[PDB]
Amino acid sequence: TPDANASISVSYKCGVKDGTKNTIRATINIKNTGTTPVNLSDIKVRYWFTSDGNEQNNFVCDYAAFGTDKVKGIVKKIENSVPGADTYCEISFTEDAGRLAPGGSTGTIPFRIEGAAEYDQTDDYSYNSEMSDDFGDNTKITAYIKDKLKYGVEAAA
């Protein structure tokens, strides 16, 4: 089917951490790997993690070529937690965000997930410190077109 044929990939770079240790930093780059355009409004990305007691976990996008105001994020609890995830951050795009041509991509989209208390990122499904120096194929980040899985493997028991 036409929807079956749409394809995207995501690349990832692990950000920096300091001393307060209450900020998850990462950058993603979403590519249209198919032969027809994709609307950004149809794309969602999930970052799976353990919130380490933080009830409040706030998403911020710090840059996007098409404007930070096009990028949305919600952080939700997982009821039946799984290895590396009791929470996920779901990144999405506004209706007016634009579209990716075949072979096109967003380029860097850096974001933060902010908590009051410290995050230990080592016990997060989507965290991969091996991808700090260069963008890599972090298949523990998932992406969706019209709510159908197109990239990565979901955290799961």
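We number the residues from 1 along the sequence you see.
Per-stretch averaging of Cα B factors for 98-106 and 112-120 places 112-120 on top.
For the segment pair 125-133 and 50-58, the entry gives 50-58 the higher mean B-factor, averaged over Cα atoms. Comparing C-alpha B-factors across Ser92, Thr35, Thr27, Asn39 in the deposited entry, the largest value falls on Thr35. In this PDB entry, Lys148 carries a Cα temperature factor that places it within the highest third of its chain's modelled residues. Ranked within its chain, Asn138 lands in the lowest third, by CA B factor from the PDB record. Residue-level temperature factors show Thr23 in the middle third of its chain, judged at the C-alpha atom.
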